[PDB]
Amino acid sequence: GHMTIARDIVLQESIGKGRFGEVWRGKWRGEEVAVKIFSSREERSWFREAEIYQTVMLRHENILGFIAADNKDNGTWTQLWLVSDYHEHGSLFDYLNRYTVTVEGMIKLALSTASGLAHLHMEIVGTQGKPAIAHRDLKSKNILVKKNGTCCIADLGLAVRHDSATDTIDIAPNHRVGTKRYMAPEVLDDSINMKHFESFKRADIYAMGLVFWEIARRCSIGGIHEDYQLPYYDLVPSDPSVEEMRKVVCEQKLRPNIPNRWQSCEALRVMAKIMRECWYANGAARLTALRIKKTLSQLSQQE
């Protein structure tokens, strides 16, 4: 047996959680892996996440490397496991909280995030085809940072997949499923047309703009940077409700503040412009992940 299976994995350290499930660092045949553990009553969440990660042609350097879905019976109860690559830096949230980044560092984090999202959103029609996938819960706590300073998107459990041939979404989607702070205006005010798959891709773009803002604040030039904050830290309380978010984002039409200092640097000007073009209230006006990837690729080439 060359494939990775739960019985051959030994848990070493508690490394936080997912939306559901508790995450552990484990060792499998001398290698470190991440293990997310679900109880038997969470089978639906575990299965749906296993199903998304097993999507044909999903693997990409900027998408969390999925290893296996398995069960582990300890003799008393059964644990439902998801196994993935382990990334020592943890989340982009943790990384931005601990460190400031250089201009190069910022571009690498933003471009790799956009590249993973472009891959997730991309449909490949035909044999061994890949359905377009929308995340529905993109945020800095759901992105991991690799040793090479690039990102990979994770926590795909709330994802939705599109079948173009039938023009259907694989599940009956519930309203407002993600993290309230990052919900797009149309999700907050429930005007989103959930029968149109493009609506979910657009809502992901809004959330990515918020993540770019979080990264840009940590970009240090001449030792000048902003402290770590979540988007809307200045307007909403911790654990904000849908109503608190909707009043700020939909009624007052506010977005995270773009500081004056971001105009003094070309990379920061490009980043600020992408943010504004992710934050439009009208989802159809927003940039695509593919267009953002191309813009940031052009910027990394120049740098």
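Residues carry their position along the shown sequence, with the first being 1.
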### Query
Is the mean CA B factor in the deposited entry higher across 107-115 or across 73-81?
107-115
### Task
Averaging the C-alpha B factors as listed in the entry, name the stretch that ends up higher: 200-208 or 166-174.
166-174
### Query
Whose CA atom has the top B-factor in the entry, of 179, 229, 140, 127?
127
### Out of 223, 90, 131, 157, highest CA B-factor residue
223
### Task
Can you work out whether the C-alpha temperature factor of residue 98 puts it in the lowest, middle or highest third of the chain?
highest
## Note on the structure
Among the modelled residues of its chain, the C-alpha B-factor of residue 23 falls in the third labelled lowest
### Message
Going by the CA temperature factor in the PDB record, which third of the chain does residue 237 belong to: lowest, middle or highest?
### Response
highest
### Task
Please rank the C-alpha B-factors of the chain's modelled residues and tell me whether residue 252 sits in the lowest, middle or highest third.
middle
### Summary
Quick tally, chain-level thirds of C-alpha B-factors: residue 121 sits in the middle
